[PDB]
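Undergrad: Before I ask anything, let me first share the structure, which is written out below as structure tokens.
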Amino acid sequence: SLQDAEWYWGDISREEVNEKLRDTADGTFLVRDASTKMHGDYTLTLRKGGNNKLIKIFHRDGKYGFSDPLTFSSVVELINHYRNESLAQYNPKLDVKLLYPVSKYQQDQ
């Protein structure tokens, strides 16, 4: 599940991930490795019309979380519930959902 998850592609660089996100609509999302371990653990990236929004996933004692909300067993399920509704609970400015799941492998194509 974890290495796959469709939206997560193992070790990835920010530049390549923004190139993958390019020209997609709002609500689009995908997860990327954090540049350094001292910086964080993983980066959720959103899309909000041309503007790319970067959210940190921090890993604690088996707990994955953006900030105060940390009670999540894995990064996969955290991202899952976070997609269901909007991330306005965590950050009011994030008043959009992870609805658009444009990150599926182009095997179908």
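Ordering of the structure tokens sets the chain letters (A, B, ...), residue numbers begin anew at 1 in every chain, and ligands are numbered from 1 in the order given.
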So which residues of chain A fall under alpha helix (DSSP H) by DSSP, listed as a PyMOL selection string?

TA: chain A and resi 14-21+75-84

Undergrad: Write out the residues from the selection above, keeping N, CA, C and O atoms, as a tab-separated table (two decimals), in the first residue's frame.

TA:
chain	number	residue	atom	x	y	z
A	14	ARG	N	11.24	18.21	-5.54
A	14	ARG	CA	10.18	19.25	-5.65
A	14	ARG	C	9.99	19.70	-7.10
A	14	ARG	O	8.83	19.77	-7.53
A	15	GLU	N	11.08	20.00	-7.80
A	15	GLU	CA	10.99	20.52	-9.19
A	15	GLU	C	10.22	19.53	-10.07
A	15	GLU	O	9.27	19.96	-10.75
A	16	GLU	N	10.62	18.25	-10.05
A	16	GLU	CA	9.94	17.22	-10.88
A	16	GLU	C	8.47	17.12	-10.46
A	16	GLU	O	7.60	16.99	-11.35
A	17	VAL	N	8.17	17.27	-9.17
A	17	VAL	CA	6.76	17.08	-8.70
A	17	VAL	C	5.90	18.25	-9.19
A	17	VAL	O	4.75	18.01	-9.60
A	18	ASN	N	6.46	19.47	-9.18
A	18	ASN	CA	5.71	20.65	-9.70
A	18	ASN	C	5.54	20.51	-11.21
A	18	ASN	O	4.47	20.93	-11.74
A	19	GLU	N	6.53	19.95	-11.90
A	19	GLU	CA	6.41	19.73	-13.37
A	19	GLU	C	5.26	18.74	-13.63
A	19	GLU	O	4.49	18.97	-14.57
A	20	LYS	N	5.15	17.70	-12.80
A	20	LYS	CA	4.03	16.72	-12.94
A	20	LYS	C	2.71	17.45	-12.69
A	20	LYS	O	1.75	17.18	-13.44
A	21	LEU	N	2.66	18.32	-11.68
A	21	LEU	CA	1.40	19.04	-11.33
A	21	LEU	C	0.98	20.03	-12.43
A	21	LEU	O	-0.24	20.29	-12.52
A	75	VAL	N	0.74	7.51	6.94
A	75	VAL	CA	0.64	8.71	6.07
A	75	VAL	C	-0.51	8.48	5.07
A	75	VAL	O	-1.27	9.43	4.83
A	76	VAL	N	-0.63	7.25	4.56
A	76	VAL	CA	-1.74	6.92	3.61
A	76	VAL	C	-3.10	7.32	4.19
A	76	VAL	O	-3.76	8.14	3.55
A	77	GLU	N	-3.50	6.79	5.36
A	77	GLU	CA	-4.86	7.08	5.90
A	77	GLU	C	-5.01	8.56	6.25
A	77	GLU	O	-6.15	9.11	6.09
A	78	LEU	N	-3.92	9.20	6.72
A	78	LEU	CA	-3.98	10.66	6.99
A	78	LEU	C	-4.43	11.33	5.70
A	78	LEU	O	-5.52	11.93	5.70
A	79	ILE	N	-3.66	11.13	4.63
A	79	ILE	CA	-3.99	11.76	3.32
A	79	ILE	C	-5.43	11.39	2.93
A	79	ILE	O	-6.14	12.27	2.52
A	80	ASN	N	-5.83	10.12	3.10
A	80	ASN	CA	-7.20	9.66	2.76
A	80	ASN	C	-8.25	10.56	3.42
A	80	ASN	O	-9.05	11.16	2.67
A	81	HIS	N	-8.28	10.64	4.75
A	81	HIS	CA	-9.36	11.43	5.42
A	81	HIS	C	-9.21	12.91	5.07
A	81	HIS	O	-10.26	13.65	4.94
A	82	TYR	N	-7.95	13.34	4.92
A	82	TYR	CA	-7.72	14.78	4.63
A	82	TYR	C	-8.35	15.10	3.28
A	82	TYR	O	-8.95	16.15	3.25
A	83	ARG	N	-8.36	14.15	2.35
A	83	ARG	CA	-9.01	14.33	1.02
A	83	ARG	C	-10.53	14.39	1.17
A	83	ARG	O	-11.15	15.25	0.51
A	84	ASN	N	-11.11	13.52	2.01
A	84	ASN	CA	-12.59	13.45	2.17
A	84	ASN	C	-13.17	14.86	2.27
A	84	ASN	O	-14.04	15.20	1.43

Undergrad: When you draw a straight line from atom CA of residue 42 of chain A to atom CA of residue 100 of chain A, how long is it in Å?

TA: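 Spanning atom CA of residue 42 of chain A to atom CA of residue 100 of chain A is a straight-line distance of 19.6 Å.
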
Undergrad: If you run DSSP over the backbone, which residues in chain A end up strand (DSSP E)? Put them as number ranges by chain.

TA: A: 29-33, 42-46, 54-59, 64-65

Undergrad: Keeping only N, CA and C atoms, write the selected residues as a compact mmCIF listing (two decimals), in the first residue's frame.

TA:
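Output contents, as saved in out_18.txt:
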# COMPACT_ATOMS: atom_id res chain seq x y z
N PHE A 29 -3.79 17.06 -6.24
CA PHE A 29 -2.87 16.78 -5.12
C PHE A 29 -1.91 15.60 -5.35
N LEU A 30 -0.88 15.51 -4.51
CA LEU A 30 0.08 14.42 -4.53
C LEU A 30 1.15 14.57 -3.44
N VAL A 31 1.68 13.43 -2.97
CA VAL A 31 2.63 13.39 -1.85
C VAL A 31 4.11 13.13 -2.27
N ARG A 32 5.03 13.86 -1.63
CA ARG A 32 6.45 13.80 -2.04
C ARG A 32 7.34 13.71 -0.79
N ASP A 33 8.52 13.10 -0.89
CA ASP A 33 9.49 13.04 0.21
C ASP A 33 9.95 14.46 0.62
N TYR A 42 7.37 14.11 4.98
CA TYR A 42 6.78 14.06 3.64
C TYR A 42 6.12 15.41 3.35
N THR A 43 5.94 15.72 2.07
CA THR A 43 5.24 16.94 1.67
C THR A 43 3.99 16.65 0.84
N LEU A 44 2.84 17.03 1.37
CA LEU A 44 1.64 17.11 0.57
C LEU A 44 1.71 18.38 -0.25
N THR A 45 1.53 18.25 -1.56
CA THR A 45 1.39 19.42 -2.42
C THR A 45 -0.04 19.49 -2.99
N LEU A 46 -0.65 20.67 -2.90
CA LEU A 46 -1.96 20.96 -3.48
C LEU A 46 -1.85 21.68 -4.81
N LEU A 54 2.15 23.94 -0.53
CA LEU A 54 2.99 22.91 0.08
C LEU A 54 2.67 22.70 1.57
N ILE A 55 2.26 21.49 1.91
CA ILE A 55 1.92 21.14 3.29
C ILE A 55 2.84 20.05 3.84
N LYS A 56 3.42 20.31 5.00
CA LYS A 56 4.30 19.36 5.67
C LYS A 56 3.58 18.27 6.43
N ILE A 57 3.97 17.03 6.15
CA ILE A 57 3.55 15.85 6.92
C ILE A 57 4.69 15.50 7.89
N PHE A 58 4.44 15.68 9.19
CA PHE A 58 5.47 15.37 10.22
C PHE A 58 5.19 14.00 10.84
N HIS A 59 6.23 13.19 11.02
CA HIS A 59 6.06 11.86 11.66
C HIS A 59 6.62 11.90 13.08
N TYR A 64 1.36 10.38 12.21
CA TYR A 64 1.61 11.29 11.07
C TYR A 64 0.66 12.49 11.16
N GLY A 65 1.17 13.72 11.04
CA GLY A 65 0.29 14.88 11.22
C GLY A 65 0.87 16.17 10.67

Undergrad: Enter the distance from atom CA of residue 62 of chain A to atom CA of residue 13 of chain A, in Å, rounded to one decimal.

TA: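 Taking atom CA of residue 62 of chain A as the start and atom CA of residue 13 of chain A as the end point, the length is 24.5 Å.
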
Undergrad: For each of A:52, A:91, A:28, A:71, take the minimum atom-to-atom distance to residue 104 of chain A, counting only C-alpha atoms, then give the residue where this is smallest.

TA: A:28

Undergrad: How many Å separate atom CA of residue 35 of chain A from atom CA of residue 8 of chain A?

TA: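 The value is 14.8 Å.
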
Undergrad: From the set A:94, A:103, A:40, A:23, which residue has the shortest atom-to-atom contact distance to residue 4 of chain A, counting only C-alpha atoms?

TA: A:103

Undergrad: Give me the residues near residue 105 of chain A as a PyMOL selection string, where near means some atom within 10 Å (using only C-alpha atoms) and where sequence neighbours in that chain fewer than 2 positions away do not count.

TA: chain A and resi 4+6-7+9+102-103+107-109
